[PDB]
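Everything on this sheet refers to the single structure shown next.
Protein chains: 2
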Amino acid sequence: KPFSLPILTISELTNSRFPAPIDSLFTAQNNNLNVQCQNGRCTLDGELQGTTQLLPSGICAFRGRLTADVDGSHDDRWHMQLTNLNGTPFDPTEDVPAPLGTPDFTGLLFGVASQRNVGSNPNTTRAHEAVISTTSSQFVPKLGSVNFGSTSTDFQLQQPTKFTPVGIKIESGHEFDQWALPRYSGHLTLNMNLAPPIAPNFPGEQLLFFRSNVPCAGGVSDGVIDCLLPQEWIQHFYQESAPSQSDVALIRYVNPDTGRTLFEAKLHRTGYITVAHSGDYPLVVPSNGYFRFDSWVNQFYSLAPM
Amino acid sequence: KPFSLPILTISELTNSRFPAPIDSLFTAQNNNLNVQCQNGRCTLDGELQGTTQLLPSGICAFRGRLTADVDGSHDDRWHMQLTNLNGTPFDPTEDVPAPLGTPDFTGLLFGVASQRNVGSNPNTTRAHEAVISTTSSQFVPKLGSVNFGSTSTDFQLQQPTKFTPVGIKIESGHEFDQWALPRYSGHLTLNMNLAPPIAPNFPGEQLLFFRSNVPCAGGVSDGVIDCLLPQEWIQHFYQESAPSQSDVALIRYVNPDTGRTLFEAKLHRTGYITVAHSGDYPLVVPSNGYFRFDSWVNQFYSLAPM
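From first to last, the protein sequence lines are chains A and A'. A prime marks a further copy of an entry chain. Sequential numbering from 225 applies to the first sequence in the authors' numbering. Sequential numbering from 225 applies to the second sequence in the authors' numbering.
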């Protein structure tokens, strides 16, 4: 079964680490960065890794029930007992770092918490701005719960609850670090079942990122979130499950109108891209362009400079 | 090129008319309902119709700039001049009903309006709850603008602005009607370039819907939004572009574990499903099940009763 990429321009792609469109492509200078995001991780033959699931609506989202109000012990007073995103009960013994979709960054996640009542007063509803701090002592998704704070006090306990992500938030003491994983089991615990760290293994090569500037609810921020593979590619690989014939798939960025190849890159088996370049650089590419699979190669293949 | 469906269970599908997961399948009694949604419209050979675009993040979303504050003339004081979702300028002469992604229902759309400054004070940001009424006189997306109201007055004019949808809202005088199209060019205008109305053309057959219960920011509502094709199918057809060999594709709902076919349905060329059934009915199907393409048939094919 031949490997392939979907035919999608940059404005037809979704970030796999935040529900947002891709804004640009970016290659970053190497500086011993531990790149170990847990969303947007997938092998080329379609094996999802880390906390990666298929739905853009699932990325940085939560589902469960509010079971406690801990006002006066924590600023994030609303205690949310999690289920899986599909509503099945969360199983802490599953060999994953956290429930699928859980945020993989350090900072304030801004969104909306909503409820739809069951029991008496069925289908009464409410929804308000809410913030989840991924550094809070109450951010323990692998243990089965997270907390959020809100300006509104109009939340009901023991009712079905959903958190819809919208953006990030910058506050004093809460800087945003997209490459620092949260502690999924809370303070003084270490993470387990992680998708491995990623890095170029070849001299002169740098990682290529799919970059989004996501919304931010106050503070100075470019809202940058970089993913290794767009969500549509992950969805595509999952469907196709094409066997990887080598550890490296050469891909060509093409202009469909002219037919010209604009540059070439290495698409690695474990699901990331490298290019031959030195220095930070936002790629200057046409709006109609996209990657195409060329051929299987190996680790020793020398990329034409970008 | 052989036609096919993606292999996705119900909990791996996204609604094409609101960014939400599919919750259930539902067949509805016939009662001369004008079904003419404009999102989630696509032919089986991959031609998008109405206001349909590819990104779940684009469904019911807006992008543009705030260019006026009309407080004291309209409750929805913030005047948002639209661009296309990919940032290109909106072109009113394009043969579409409205910019791609525009909501196709009557009611209050609840979400978050956010901004990221350009010019001096670059990358300052803000985001607040906001509501868009699709019945407002200021809801004129085909003319190039929409308005929203907000509890916050902290919005800046002439700055890049985005509206992220979260749910619907129920207020007195603003009932929600998922099957009534808004007036894309405003009061006293009629819509143009619409994807056609849909209906069963066969005795004993009813439409099958992919149903979501979406969030709601107050009021009694089941939050039902029904789409004709999930977004992933649309994305799949767009990629494949398999020629339709007839006007009807027989599809089989299957249990992968047992191998059994649970029921059969007609997948029509113009992009909707019918089943043989009489009465409203939420389908009782296993969580692991999904549709598979069987064969091309014609209008005269008689479905096994469901």
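Even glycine gets a Cβ: it sits at the ideal position worked out from N, Cα and C.
Minimum C-alpha distance to residue i - residue among the options
i	options	result
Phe286(A')	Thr238(A'), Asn347(A'), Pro243(A'), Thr385(A')	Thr385(A')
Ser409(A')	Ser445(A'), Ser360(A'), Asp401(A')	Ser360(A')
residue 531(A)	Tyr496(A), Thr267(A), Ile283(A), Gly483(A)	No answer is possible for residue 531(A): the residues shown for chain A start at 225 and end at 530.
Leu527(A)	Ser502(A), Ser338(A), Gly335(A), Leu306(A)	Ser502(A)
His303(A')	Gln382(A'), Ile283(A'), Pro406(A')	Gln382(A')
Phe426(A)	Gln262(A), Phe372(A), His492(A), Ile394(A)	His492(A)
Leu309(A)	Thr275(A), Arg301(A), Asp328(A), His352(A)	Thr275(A)
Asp401(A')	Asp247(A'), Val259(A'), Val478(A')	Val259(A')
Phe334(A')	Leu257(A'), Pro316(A'), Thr358(A'), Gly368(A')	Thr358(A')
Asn479(A)	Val294(A), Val508(A), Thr413(A), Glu456(A)	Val508(A)
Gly270(A)	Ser465(A), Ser376(A), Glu318(A), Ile449(A)	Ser465(A)
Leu229(A')	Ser338(A'), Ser519(A'), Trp520(A'), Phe515(A')	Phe515(A')
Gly513(A')	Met530(A'), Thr485(A'), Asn415(A'), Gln380(A')	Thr485(A')
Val294(A')	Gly368(A'), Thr377(A'), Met530(A'), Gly483(A')	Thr377(A')
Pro313(A')	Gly288(A'), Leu272(A'), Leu332(A'), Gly331(A')	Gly288(A')
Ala252(A')	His411(A'), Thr326(A'), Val448(A'), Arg301(A')	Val448(A')
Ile458(A')	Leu272(A'), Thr233(A'), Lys225(A'), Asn254(A')	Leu272(A')
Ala489(A')	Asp504(A'), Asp518(A'), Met416(A')	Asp518(A')
Between the CA atoms of residue j and residue i - distance to the nearest angstrom
i	j	result
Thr349(A')	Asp446(A)	9 angstroms
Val390(A)	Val390(A')	9 angstroms
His298(A')	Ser511(A)	38 angstroms
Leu432(A')	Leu452(A')	7 angstroms
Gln277(A')	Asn522(A)	37 angstroms
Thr291(A)	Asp315(A)	18 angstroms
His352(A')	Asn239(A)	23 angstroms
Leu279(A')	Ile356(A)	25 angstroms
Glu318(A)	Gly311(A)	16 angstroms
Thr307(A)	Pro245(A')	15 angstroms
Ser235(A')	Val370(A)	22 angstroms
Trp520(A)	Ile475(A)	9 angstroms
residue 557(A')	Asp247(A)	One cannot answer for residue 557(A') here, as it falls past the ends of chain A', which runs 225 to 530.
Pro506(A')	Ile231(A')	21 angstroms
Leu414(A')	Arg265(A')	20 angstroms
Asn417(A')	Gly368(A')	16 angstroms
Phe461(A')	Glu456(A)	14 angstroms
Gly483(A')	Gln339(A')	51 angstroms
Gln305(A')	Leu257(A')	34 angstroms
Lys225(A)	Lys225(A')	15 angstroms
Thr233(A')	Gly343(A)	28 angstroms
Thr326(A')	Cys284(A')	5 angstroms
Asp504(A')	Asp504(A)	58 angstroms
Beta-carbon spacing of residue i, residue j below 8 angstroms
i	j	result
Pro439(A')	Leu237(A')	no
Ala419(A)	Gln262(A)	yes
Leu324(A')	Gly282(A')	yes
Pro406(A')	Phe434(A')	no
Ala337(A)	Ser396(A)	no
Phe227(A')	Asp450(A')	no
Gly442(A)	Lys393(A)	yes
residue 196(A')	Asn341(A')	Here chain A' has residues from 225 to 530 only, and residue 196(A') is not among them.
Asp300(A)	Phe372(A)	yes
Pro467(A')	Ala500(A')	no
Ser436(A')	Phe242(A')	yes
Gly331(A)	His411(A)	no
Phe487(A')	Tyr477(A')	yes
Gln430(A')	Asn254(A')	yes
Rounded Cβ spacing between residue i and residue j (contact assumed at less than 8 angstroms)
i	j	result
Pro321(A')	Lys366(A')	7 angstroms
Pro424(A)	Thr498(A)	5 angstroms
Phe387(A)	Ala354(A)	7 angstroms
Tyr525(A')	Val444(A')	With 8 angstroms as the limit, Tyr525(A') and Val444(A') do not qualify as a contact, their Cβ atoms being about 42 angstroms apart.
Residue i beta carbon near the ligand MG (any heavy atom closer than 7 angstroms)
i	result
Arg407(A)	The ligand MG is absent from the structure shown, which contains no ligand whatsoever.
What residues in the segment 273-287 of chain A' bring their beta carbon closer than 7 angstroms to a beta carbon of chain C? No chain C is present in this structure, whose protein chains are A and A'.
Could you give the uninterrupted runs of the beta strand (DSSP E) lying entirely in the segment 444-501 of chain A, keeping only those of 3 residues or more? 448-451, 472-478, 485-492, 496-500
Would you mind listing the beta strand (DSSP E) stretches within the segment 364-432 of chain A that are 3+ residues and don't spill past its ends, in chain order? 369-372, 384-393
Which complete beta strand (DSSP E) runs does the segment 229-267 of chain A hold, if anything under 3 residues is left out? Residue ranges of uninterrupted beta strand (DSSP E) with 3 or more members, entirely inside the segment 229-267 of chain A and ordered along the chain, are 248-251.
Counting only runs of 3+ residues fully inside the segment 263-313 of chain A, write out the beta strand (DSSP E) ranges in chain order. 286-293, 302-307
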